[PDB]
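Just so it is clear, none of the values below were taken in a lab; they were calculated from the coordinates. A quick note on method: Cβ atoms are made from the backbone with ideal geometry, for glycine too, and the neighbour counts reach across all protein chains shown.
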Amino acid sequence: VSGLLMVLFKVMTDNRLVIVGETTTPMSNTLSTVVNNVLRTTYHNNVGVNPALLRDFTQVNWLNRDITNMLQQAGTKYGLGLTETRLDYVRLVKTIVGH
Amino acid sequence: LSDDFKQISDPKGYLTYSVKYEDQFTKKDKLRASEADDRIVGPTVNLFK
Amino acid sequence: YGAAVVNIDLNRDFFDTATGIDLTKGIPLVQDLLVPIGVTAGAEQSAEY
Amino acid sequence: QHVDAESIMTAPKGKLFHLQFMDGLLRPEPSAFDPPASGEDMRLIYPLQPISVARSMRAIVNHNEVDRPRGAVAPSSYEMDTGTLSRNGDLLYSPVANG
Amino acid sequence: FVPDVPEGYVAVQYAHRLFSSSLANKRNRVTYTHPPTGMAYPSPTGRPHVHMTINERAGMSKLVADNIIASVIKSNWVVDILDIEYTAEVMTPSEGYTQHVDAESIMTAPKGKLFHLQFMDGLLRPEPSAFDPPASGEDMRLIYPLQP
Amino acid sequence: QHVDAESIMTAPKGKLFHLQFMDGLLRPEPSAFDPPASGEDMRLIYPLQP
Amino acid sequence: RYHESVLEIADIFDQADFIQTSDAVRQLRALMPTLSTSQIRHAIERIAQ
């Protein structure tokens, strides 16, 4: 219980404020197309893991077939930010951005 | 007027993926594709190896 | 006599390295124009064309 | 680690036991000609509830005889729906349908 | 010279779903299944003629790449790798081939890297001496252009 | 011992070759999950008789 | 049942004062990778260099 409390506490105080970190804008030609559809211009160099990335890369065929089936469903779509972008009304420079 | 926040660059989530391997069927060698694709897909392909 | 081939290349002497072109293989190749940002571009990249 | 039934029976309430559990799905198959082993493996203690409640995936491995190993677990579709940021800043899964 | 794909060949888009592991005569062979019939062919030998196009070599595993090439040889598969981009020096017969491309390098060169291939124009090659010894074995060739 | 086809073709009559032959009935079965081996075993020479 | 094709503005506008280029620029652009604004700035600074 105490554990959960501190977890709940630590989440209660996660005052972290994200700043864009080290990134990459790979040239479109260098990316295998299945990866390229997932990607959106830039991305953080600290790509986390995500199973959607195994698509057409894992050798375990049933896994790739299943993940491909899920990612081809209309109800779900994997992506890698950046996505949303918001410039200042006056300076015209980018400010907040989704990722 | 306040140190209201704590700026950080590449945020770490609360959850994560643990993964136990069956060492008899796993090759410990790091796998890779083209370096561009490996930069992205790489960490994942290595976790669910 | 004995000229196995007679090609029409771009003039290396005109499109010199001062222009940043490299006509050593058949195509023009200019490094560091269209490049990935934030990682070093690979050598012999097709984008150079 | 092995939990003696003695301790399971005689411990004070509030001790937190640490049961282990083999997942035998990937146990190697015996040679077709090898002579039988003597002895019988026996489990004495069991869960009352499902134990692997955190199992994202299982058996990321190929099988010769069958298209997928029995009891292999594919990642959930929700694991991969990058979704969207709602204007209110709450996260949303991708819509299951238009409208 | 781009060789014509012969008459009996069946076009097959490459896909990971095709090649797979399977038990086959006490071995874990990299079986290929042929979509027109669905039949499995664990050995590269004995496979049906296949004009296998290969749009992307992305996740293609080395066992599979090598197994495909083995099908190109042992079974006369004609594979067409459209992912490749290359410059092509054209050699005179006297300068021969300064470079030497392994099959593995063509099946693993990063996408977007420029390959550099060499091609003989052996038209300027003089007739063999009438008493030059017979050549018992054959001269074979695997890499061909897809375009002029 | 391996008998090169060169010697099989070019030897004088009366040489006595010593062919070997695996009896593969007791070959071990591969693990159900193990990844495929690369390469193909090939026999070139065969008996005409049992 | 259609045929996609480039169509130069010169074949529709009659007045030559307001037409500069041809289909060629479109072709060469089709040769280009998708470009981030940062990448574009890179190409520009490189052409300056």
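Structure notes:
- Residue under evaluation E:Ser129, criteria (1) small (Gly, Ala, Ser); (2) in a loop (DSSP other than H, G, I, E, B); (3) more than 11 Å from every other protein chain (Cβ to nearest Cβ); (4) under 26 Å from C:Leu29 (Cβ atoms), criterion not met: (4)
- Where C:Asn7 falls short, out of the listed (1) within 12 Å of chain E (Cβ to nearest Cβ); (2) over 30 Å from B:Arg39 (Cα atoms); (3) surrounded by 11 or more Cβ atoms within 10 Å (Cβ to Cβ): (3)
- Residue within segment C:33-41 that is within 9 Å of chain E (Cβ to nearest Cβ), out of contact with any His (no Cβ under 6 Å at 6 or more places or on another chain), in a loop (DSSP other than H, G, I, E, B) and not aromatic (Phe, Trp, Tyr) present: no
- Criterion: closer than 26 Å to A:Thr30 by Cβ and of a type in the set (D, E, K, R) - qualifying residue of B:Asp23, B:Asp37, B:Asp4: B:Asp37
- Residue in segment A:11-28 that is surrounded by the most Cβ atoms within 10 Å (Cβ to Cβ), counting only those that are without any contact (Cβ under 8 Å) to a residue 60 or more places away in the chain, more than 12 Å from B:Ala36 (Cα to Cα) and more than 7 Å from chain B (Cβ to nearest Cβ): A:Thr23
- Comparison of D:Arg68, D:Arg55, D:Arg87 shows that the only residue that is part of a loop (DSSP other than H, G, I, E, B) and over 26 Å from A:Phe57 (Cα atoms) is D:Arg87.
- Scanning segment D:5-39 for residues that are in contact (Cβ under 8 Å) with a residue 12 or more places away in the chain, of a type in the set (A, V, I, L, M, F, W, C) and within 22 Å of D:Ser52 (Cα to Cα) yields D:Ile8, D:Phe17, D:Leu19, D:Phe21, D:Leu25, D:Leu26.
- Hits in segment E:68-97 (condition: at the interface with chain C (Cβ under 10 Å from one of its Cβ atoms), touching a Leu at 6+ places or on another chain (Cβ under 9 Å), among the β-branched types (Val, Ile, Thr) and not in a loop (DSSP other than H, G, I, E, B)): E:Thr87
- Checking the stated criteria, E:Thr45 turns out to be within 9 Å of another protein chain (Cβ to nearest Cβ) and outside any helix (DSSP H, G or I).
- Comparison of A:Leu31, A:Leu53, A:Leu63 shows that the only residue that is within 13 Å of chain D (Cβ to nearest Cβ), hydrophobic (A, V, I, L, M, F, W, C), under 18 Å from the mean Cα position of the chain (by Cα) and within 28 Å of B:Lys27 (Cβ to Cβ) is A:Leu53.
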